[PDB]
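There is one chain below, alone, in structure tokens, taken in the form deposited in one PDB entry.
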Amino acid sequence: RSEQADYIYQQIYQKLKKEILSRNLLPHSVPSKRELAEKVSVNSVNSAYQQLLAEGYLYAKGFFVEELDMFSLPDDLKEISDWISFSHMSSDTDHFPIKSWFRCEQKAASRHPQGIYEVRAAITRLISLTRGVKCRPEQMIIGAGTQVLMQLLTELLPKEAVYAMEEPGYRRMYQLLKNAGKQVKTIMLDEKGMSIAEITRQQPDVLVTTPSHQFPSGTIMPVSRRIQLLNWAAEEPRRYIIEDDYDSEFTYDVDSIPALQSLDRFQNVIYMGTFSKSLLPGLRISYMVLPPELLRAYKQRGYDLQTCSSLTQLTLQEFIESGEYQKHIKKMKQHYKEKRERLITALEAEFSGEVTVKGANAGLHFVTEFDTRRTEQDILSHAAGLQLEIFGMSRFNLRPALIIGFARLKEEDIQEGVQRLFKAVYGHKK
């Protein structure tokens, strides 16, 4: 009567449901609305009956019961700290100017499947100046992360396309391609990156490459190799190059290197870019630039829906157009440059010449080889059991070596983290 939790019409229709289900109120067999009403309003019983009648528990004495057929988590799946992390995955709530982001969002509220046009135009403007990427906003597709866009691209590309990826390379993308039923050839690297020698031997249709900063090996692909790939694609129709530009704004000794696509004169390179390592933690905004022919193939689908929220897009635009973004990148560049030096100094201290640091002075990771003893597994297990998040290089197969990411590493925890690493590398006692 108090109607706490549920109103009276809800309590009556819930009971009638339950009693219809248990068969206590048998098929085709109910009181008049007034009859049931006559210690509750007719309004209540009308509401109940309406419910029951909309749902199929009753049929239009008064009304009649429907006649419904009778009806014909494991511990290990449940979800269960003070960790230091050398993970290459994402960055951190470091020195992200979050107050300015919110301001831009505020402002953005005051102020299309491929993403909003003005946002696309804001991104296109940026990458022309920052990457030498040549495109019209019509060519850009925005997406909630690169994986969403890579899925779409595998559909826009021809169905039997043979993909070739870098070995070692980005395992996550190899998995996506593998899942999508594609044949994926793997191409070893030489000192210049993805080998055009083996791209010639094995014959693929679609290369996947990280020429600004090879993932994971950290090598920058020199222009001589870039031209060689660009020429290989330009002969024979239906050869494509997916350029995975995941970290190219961060180069510490030189200006960012113009994108592979900037040298393409034959519209064979699909430029894939991302803000996922540049904005707030947990936000994934990526984009890709389709050559005319693939934009057409997208155009003729027409059923795709945009994965980034409108307000997130507009916030990004405001961030870019206010100048806050360029300002942000410039500070972060300076902070990572220093965090990298500091990390490498600590590594040089603890390991001396027993560590070899590999890869370019760029991005948010490098590679680290160690003068033997233990297997990759030994180190990982040892490190796992010390609250240090680390990944071995063998993960990127498609003397033990690890990838060391420093994006989501706090500067305070560098020394402790390196010592934990040393402990892991050489498995010591107490």
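Think of the rigid core as the biggest set of C-alphas that the two forms share within 1.5 Å after superposition. In case it trips you up, residue 1 is the first one in the sequence shown, and so on.
Below: the form deposited in another entry, not depicted.
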{"property": "Is_shifted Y9 between the shown form and the other one (CA, 2 Å cut-off, rigid core)", "result": "yes"}
{"property": "Post core alignment: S44 C-alpha displaced by 2 Å or more between the shown form and the other one", "result": "yes"}
{"property": "Large Cα shift (2 Å or above) at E55 between the shown form and the other one, core-fitted", "result": "yes"}
